[PDB]
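Chemist: To start, I am sharing the structure in question, which I have written as structure tokens.
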Amino acid sequence: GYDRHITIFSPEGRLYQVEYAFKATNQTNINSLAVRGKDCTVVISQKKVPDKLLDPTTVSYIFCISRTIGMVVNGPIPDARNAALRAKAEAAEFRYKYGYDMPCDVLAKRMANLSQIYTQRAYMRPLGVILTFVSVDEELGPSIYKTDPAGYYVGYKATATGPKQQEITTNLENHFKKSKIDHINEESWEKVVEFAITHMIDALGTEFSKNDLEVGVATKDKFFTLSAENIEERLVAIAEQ
Amino acid sequence: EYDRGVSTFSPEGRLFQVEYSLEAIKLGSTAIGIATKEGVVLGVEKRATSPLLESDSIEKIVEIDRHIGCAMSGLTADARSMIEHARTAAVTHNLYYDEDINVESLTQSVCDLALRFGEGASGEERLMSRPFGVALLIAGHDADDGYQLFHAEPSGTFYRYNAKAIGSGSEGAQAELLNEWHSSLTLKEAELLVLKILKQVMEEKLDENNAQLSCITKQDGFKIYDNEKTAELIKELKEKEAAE
Amino acid sequence: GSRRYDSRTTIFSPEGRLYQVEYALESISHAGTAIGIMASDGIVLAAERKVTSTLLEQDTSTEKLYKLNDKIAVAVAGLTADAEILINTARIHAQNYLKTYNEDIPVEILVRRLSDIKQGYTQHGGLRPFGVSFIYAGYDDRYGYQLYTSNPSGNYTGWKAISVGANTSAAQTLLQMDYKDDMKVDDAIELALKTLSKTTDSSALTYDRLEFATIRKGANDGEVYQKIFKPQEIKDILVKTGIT
Amino acid sequence: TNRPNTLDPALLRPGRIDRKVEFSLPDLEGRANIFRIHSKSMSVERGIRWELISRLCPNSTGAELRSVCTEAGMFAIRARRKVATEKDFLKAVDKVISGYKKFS
Amino acid sequence: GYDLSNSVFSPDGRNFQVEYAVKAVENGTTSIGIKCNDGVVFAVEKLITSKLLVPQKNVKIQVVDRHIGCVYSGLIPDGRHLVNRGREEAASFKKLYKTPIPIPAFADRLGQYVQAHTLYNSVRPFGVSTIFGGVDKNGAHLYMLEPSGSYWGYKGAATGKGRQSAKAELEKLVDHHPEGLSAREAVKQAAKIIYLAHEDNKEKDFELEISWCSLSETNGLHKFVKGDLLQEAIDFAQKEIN
Amino acid sequence: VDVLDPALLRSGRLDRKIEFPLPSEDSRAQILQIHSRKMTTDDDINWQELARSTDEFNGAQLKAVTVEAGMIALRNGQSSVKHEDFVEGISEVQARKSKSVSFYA
Amino acid sequence: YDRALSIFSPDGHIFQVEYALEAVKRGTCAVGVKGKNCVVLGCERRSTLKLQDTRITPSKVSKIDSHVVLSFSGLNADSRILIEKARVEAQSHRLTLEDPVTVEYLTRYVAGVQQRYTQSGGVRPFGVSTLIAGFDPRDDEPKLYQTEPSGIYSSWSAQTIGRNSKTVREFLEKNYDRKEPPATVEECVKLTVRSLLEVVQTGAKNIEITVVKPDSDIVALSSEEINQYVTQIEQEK
Amino acid sequence: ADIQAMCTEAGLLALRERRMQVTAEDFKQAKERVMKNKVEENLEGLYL
Amino acid sequence: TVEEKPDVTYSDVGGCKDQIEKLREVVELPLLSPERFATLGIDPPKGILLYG
Amino acid sequence: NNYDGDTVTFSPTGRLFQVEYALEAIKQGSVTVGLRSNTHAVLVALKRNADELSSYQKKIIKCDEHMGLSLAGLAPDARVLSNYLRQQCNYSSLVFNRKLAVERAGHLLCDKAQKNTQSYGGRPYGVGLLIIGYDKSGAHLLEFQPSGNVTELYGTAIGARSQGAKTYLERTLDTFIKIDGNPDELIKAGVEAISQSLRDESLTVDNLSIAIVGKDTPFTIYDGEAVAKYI
């Protein structure tokens, strides 16, 4: 009856309403690749704009939730904004009541808990976005925590998201198999961008441009994004590798 | 289909639950109300269901105030809510302005109450899920328009009438009224008129243990005729129907 | 929206009968047997658990027997989960009575209060009622020992001997033949065990699956001692009465 | 046709059927009229209210009103009168309503 | 099923009620937004349904703050509710932070509001698209907000029945000027592509409305284009389509 | 087709997928005229006039007006169907035949 | 919560009110007959069942006021809620107006409890009908009223509700006259015993009789008293 | 119909016992047999 | 089963109903005056489906 | 039936059907025709009685001494809307020391309807108002649909047989706009306008109800023998 139309349990014990949320985040066809450097965390994501009449600069999916913590969104942009707004509010609040800015771990856990509550309520629809939170914390180092629409999250050595993310997994797996460590041993953050772009080309078979890329880098104690001019320096630097 | 909602339409174009309520007035026993400019008389069929019934403490005649009378027909559980509010309304006007309320003004106040169904509609405090199932014949006297008789719907709409009957015998009563009403009917000629029309729609014998009369006069106020006087008039009908 | 997924859970049937209450009585028949017998010196409460296992610790469990106050304990037959709410409501209510009158709550008052909650849930809110039946053993000065059964609708009925839960009919019929008013707590202990051996919910009745409790005025100076027997003290009485 | 949901679409096409009309369950005053024809044929009370019996009935077909008149006749014969009153028809309507409503 | 409400969902990613609501906007009036160098120039096709109507006395252009034009299509009451809400948001920003609301900030707030009604079945989704922009301290910007709760930057946008014609010529307008064009010249170009988007509405007759917020002309205030300037735009568009 | 499963609907099932909208304002007038062409046709009647007053009407709805205009004509005992009759015929297919007052007048 | 559990029907009814009245039909039979000097409410008890202590088992007649008694038919869960609200109201009248409540006042009050939940949504009406009877202060006029879950109330010379109310009522047409009630208290009491002995039968075990006499004199006639009355009627008949 | 059965079941019982007489007590046993599977406990499900 | 002009009028039918005036329009009107139909260029009706 | 019983839904065509149903209250309702010049506005409503004993129902409500509204649909709904306009008129007097502009009061009325169309358990208001008044920008004539949308015209109609009235007003359109300072002519033309809304309902002086508001005339409802100056 309503075991697939609201968030109540079925005879299977599996919530069909929740499953549908994960079947809408891959329909925007945005891939992400996120790697932990030795001093940084770099995340690159697709930014396919097929129109002359959309301004590509304002088409974005990397939202700065703290000054140190970036968030990259795979899935629909209404739900992205709502989850960004809520996350920013909480991160500010944490500074206010605990006297230091919210960790990546706990910010992930907080959105995770709200996602469960949104699938507890039968009239509230969960936010159907996969959120990757990249940072460099001083108590956790370079970190990636990835929350999902259900309310599950875990840490990561590296992670990918999108429909074609299995291909990305193959590259990352080889990289950390050979190195025998959970991060990239590269001490320049710029070259971790260069590496990330290389494996994106390998995985998807797609040759990238500066207007198909959007790059976020968390270094120690600051988060910035590269502009398309800076991303072009990296694309020229692939030829110099 | 079109009544599962708490306020819903209706491919006809007018609210559906309200429509049923209007066709539930017919279920109630006949209430007749004849207005002249010499006073307004209200007669009602009380209904006797058993001789074990005590029917002389049962009536469908209710005083709103001294200068306003009411006769109720339909489902009378609903009218209990409405009559209390009406009494309060009348009193409020004399509290606030030390003045007698108009018959029109009082009717309009009870109409405002009648629309309170729905549980998500408008800005007002909703306290019903369905409309009332009772129609009123508010009679009265104000000094600004003389004697007045209004018929108030469970819809929250009202018409001024010179004679209106509602209830079971609504159609057969009103058939007579269209021809037999005129303005040269005096209070007492109205009074015998009520009993003649009530006899046709009376499903028992016409007598005073299943009929109750009441007037509303400026001079004597709202007086409910005792069963002695009601009985007397009924016997005087049977004489004048043998004068034909 | 909200009205879409509601089916009007608590309403009458054409017979007049409340769907959820009818359903609730089925789920109490799933739950184990609980018997109460009122002696002329106490009340014996004896219940057979609806769960038993060799890995289940049943030696600290008191999953059916719970003390509401010092002179009133209950046995539970129904959903343990649902019962837990009423059990802590009862504790609050009994303590509230003690706070305000400095007198111990009579058995009648406490049972009536719980009953009102169960009625209330089907009356409004769309809430499911508590699907439990309790047997209250209680002492009070005025009526002495009082025995009561409550049903999930929210109504209480006095008894001298009664059974709820599984095998209510079978237990009742045996009680009718054996019960006498000259019975003591000693005799009532033996009767309860024998009745549970003929209404057993598997193929064996054991001490470890028996919860047992009395309220006896055999404590000195006319005082009442509630004793909830441990399963090895039950075992002692199991060899005494010759079940084993 | 009783139900026009039992008639073939070839038949329904134009020329075969150029008007479509639903017969309506007759109104209360309209039943006073259907009753009037049967009651004038029957030796009855003069000054009878037809409109009183039709008030008492809910929506009933004219065939029912024909049966009720026969039925009232029967109860009139039982008391040993051959001239009926409004009273025999009060009875007659009660019989039919309770009788038929339940089933067919 | 999965189409009864808006918090049913489907494995297809569709939400149904919201997609249905866009159909009202797609049968709404033609409305355009041109991103110019100095500002933005809005123009809206206003259908003339009868000769009984009073010309230029019914508007679909309501100003928000003193510097944000907002023009919308779809259900007019619903859009007037959305604009009513955003006049409060502008006032709130002005109260708290003592500045007229920036155009990117204004977009953020509206997107949240429209998000809320697709997350609950006890309220109904919106079915309007608004096109709003203006001149603030970070430059001129242009945004169109979908009833889904999605917005982007736009170098040109359109909505309504005649969106096909408008968009095709907005591509050519950005190919005329890839380095962008004046707000003043864009008056005459806004006229031209409303006239071409009235060839989707050529069973009907129309009144041309043009409004602007540009630094160069109106000094960062949103005003209406009227008088001789308006008539010049009409004459321009007339000769081009002839 | 929105009800129906989309597997059946694909290419080679069905190739072209062709929508039939309602008639528009101008289209209504053409469908009215041909219906009227069948009967006596006169300069009194203007099909465009009748097309603008009808709203959201397909040939099935438009046809009911035309026939119905010629029954008023029949009763009146006319030999030529006049414009007014068509105008009166519109309002019987509509939701009104009501001149009733209760609470929706 | 406000989602309708009472909603208007196309029959001009609410379904649950019709259902409510069938719930009272299945209930036990209460008879009310008033003399010229008493009210008598006798009711059917379900005390046939063995292993029952009737001291601690609820009665089917509960006094609300010193001179106002209330009997009930239908659900026993529902009835206690009406009995508690009625009592609280009675003491309020003493507080602010002085004097105990009139019988008529209580009749209207119970009716108004039923009324509220009939009209409002999120609530069902009760399935309980009452016979409210008694005296007013400084009055020797017996009062016999019936309230029903519709929200309507009616006074009666005699009345009966509960199972086989038609049968008892038919008996009362010949054994009670509107003109002449039972002259004495004792003939009123024996008439109510006589009416119960039709359907209820089965000794004085299930027969209860409560008599209220003018101005707060409530006596309950035990089974022993009833047994004597039964035997006399049986022998005479 | 069921009166007809009860009277016959009461002869059967008394024939079983080998006693010529038919008791009042006998008849109760026959009531028990006929009524047996008509039991209703949802009668005190509504009432209690 | 077949009959031959049986004597029944509208007096003997209880009430006048809308469905009777729709019968008058199919049956009487073209029989009495097929002239008016002809001049009009409306086809005369001869088909009726009766259901209820 | 899933979008025709609920007010909180769409509707595969982007509609709500409850609003279309509410527009059928206008069809079956009574008729009123409004026409204005620039100096006077006029509402001419056709009153309808139930029966001979019954009175005729006033279809024009005086909202202010410069404002009036007239119904053409659901009567209980008009009593909600009429009060709301008065409340806001007094708010304008209180706060801004100003008459409530007709243009402003249409937009307020619009959004008041909107938020009950949004909410579940709500309703669209099936009354159609024609709202005249005289403000500081002259005469105004607004048409209020069940949608809530307000539109400004020099002549409009709502109710049964509105089409005949609008044809009459489109012909005489440039006559009546250029007659100014003479309320009488505008009123006479409104009687003739609503004579095209008839279908053998006739016109009498107890069916004709006129109300005007001018530059120098307050809101006043003429009835009885004060409409016999035009019949």
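Numbering, chain C: per Swiss-Prot, residues 2-245 in sequence.
Structure determined by electron microscopy, 5.4 Å.
Note: Cβ is positioned from N, Cα and C throughout, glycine not excepted.
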Chemist: From C:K65, C:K199, pick the one Swiss-Prot annotates as ubiquitin cross-link?
Modeler: C:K199
Chemist: Among C:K68, C:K100, C:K236, find the residue to which Swiss-Prot assigns the annotation ubiquitin cross-link.
Modeler: C:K100
Chemist: In sequence order, which residues at least six apart in the same chain have a CB under 8 Å from the CB of C:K231 (ubiquitin cross-link)?
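Modeler: Counting only residues 6 or more apart in sequence, the Cβ neighbours of C:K231 (ubiquitin cross-link) under 8 Å are C:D60.
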Chemist: Between C:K100 (ubiquitin cross-link) and C:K199 (ubiquitin cross-link), what C-alpha distance do you get in Å?
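Modeler: With the alpha carbons as reference points, the distance is 44 Å.
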Chemist: When you tally the Cβ atoms that lie within 10 Å of each candidate's Cβ, which of the recorded sites (C:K100, C:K199) has the highest tally?
Modeler: C:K199
Chemist: In which DSSP state, out of helix, strand and coil, do we find C:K100 (ubiquitin cross-link)?
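Modeler: The three-state answer is helix.
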